[PDB]
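Next up: just one chain, as structure tokens, the form deposited in one PDB entry.
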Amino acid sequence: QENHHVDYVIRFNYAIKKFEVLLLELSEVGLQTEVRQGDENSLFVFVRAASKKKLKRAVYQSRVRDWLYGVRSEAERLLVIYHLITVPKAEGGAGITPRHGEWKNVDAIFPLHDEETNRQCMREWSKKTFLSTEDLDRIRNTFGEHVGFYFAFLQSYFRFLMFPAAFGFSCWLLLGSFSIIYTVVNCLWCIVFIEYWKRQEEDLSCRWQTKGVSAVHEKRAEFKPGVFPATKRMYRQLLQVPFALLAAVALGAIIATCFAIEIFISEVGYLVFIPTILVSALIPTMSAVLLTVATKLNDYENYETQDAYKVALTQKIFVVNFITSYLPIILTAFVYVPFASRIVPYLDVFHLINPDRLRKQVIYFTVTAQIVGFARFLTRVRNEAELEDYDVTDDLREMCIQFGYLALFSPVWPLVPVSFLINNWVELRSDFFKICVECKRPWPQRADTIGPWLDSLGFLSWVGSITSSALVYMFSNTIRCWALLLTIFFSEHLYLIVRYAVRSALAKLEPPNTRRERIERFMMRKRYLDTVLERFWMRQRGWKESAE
């Protein structure tokens, strides 16, 4: 092979006492090592399995640890070799955390790329537009299941987006804006997509046998106690509400400043809405500053398990997304357009608004940022050791933003899904090229779900049936506030019924890899079972005596 059978490579930063304990702990478990020179201040330890008699023991111990928790190619061997380095010494072997405690001089451990499979996949998918189900299994036998779930989800979202893009173009030549047919169909689409993906997840976790790995909770190495009381965390978790209430006011001031400068320009053609465009093209910069504060606040709260840090980070990213993406449109649909006679004499300092202003705001906030934003072995190992590290959490955030724009403010302008579909099609195979050229290879982490991002998509539908049903009343064709509060009531309690009726009609249809596992488990059980198989009573002793 082009790699020299190297399973992993460990980078050790620099004295010669922390190196011998590393080599001893790697040689205690069965691993063969080889030491070479790093870049300029480090050493490289290449690690593979020592013999064929120890790889079988490692595979058997990992299967025992899987079977004891209810869970029971290249990406299986790399997984059972990675569990021989980092799993603690009582359970598995050598317990090497990367750099937190007693291992501060280890920088990172990482596997090596295989350029032949990456070249023979990026060529055969350069013009295909839709990956087959035998193509998703090659983004699983390399990179594991945590990457395959993400790629399958993005392809299913692109396949479902073609219906609002083709229905909102026909609801723009024939019906216009603020329609009831488009609002009802768009609200049903958001229910059907989520309830369809929730069973595609069970299908895909029955196909790739990772059915119950969500309950095996890992433990963070950056936890600092060991026990930490659950009330000292519930007081550090209250620094989120002044952060949210301060960010909301700091954005409302900027949006009111744009509303004042547009009035001052309009008093003294298309250059009137320049202070809105220059704010709408600058939100991905001012939303990447609040995420660093959210990350510092999430690291301050001192979580113990790894599957709680991710839920806290997702919940903190959702609030920043809401504040910086949907508050500039909520503040001009419910506060500024229906109250434009008690606000405009206040915002017109140095004294000198139809519902089309809302349509122009939706156009400028879902288009502008997209238009603006468009020997030989030891050398390549040193090149691969200097690349960045990949994550899927920066590409599902943009998907959640797009889904919120579809669920909330789509009746205002029905060419929002066409504008999202064109942008999704231009950069289709761009995150694959990112993951096998300009990043380093991730260890084959297993997964069961795309994560807690599926719980933020169900919130944004419930809000949408309120918001998109208070616009169709307010701006189609005197507001008459009781009819608005009756429309909101009946729309929300009809959403809650249609979601129940859709959720229980998709539970009867079984996908083809759940039926195969059900038949196999039934056959195993019914094959195991058939291999297994005082003077009152002395009156009728025998069978034929009782019948006589």
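Here, rigid core means the biggest group of C-alpha atoms that superpose within 1.5 Å across both forms. In case it trips you up, residue 1 is the first one in the sequence shown, and so on.
Below: the form deposited in another entry, not depicted.
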| property | result |
| --- | --- |
| Rigid-core-referenced C-alpha movement of 2 Å or more between this form and the one not shown, selected from 218, 386, 116, 391 | 218 |
| Residue 215 and residue 97, C-alpha gap in the other entry relative to this structure (3 Å or more) | closer |
| Cα separation of residue 217 and residue 107 in the other entry versus here, shift of 3 Å or more | closer |
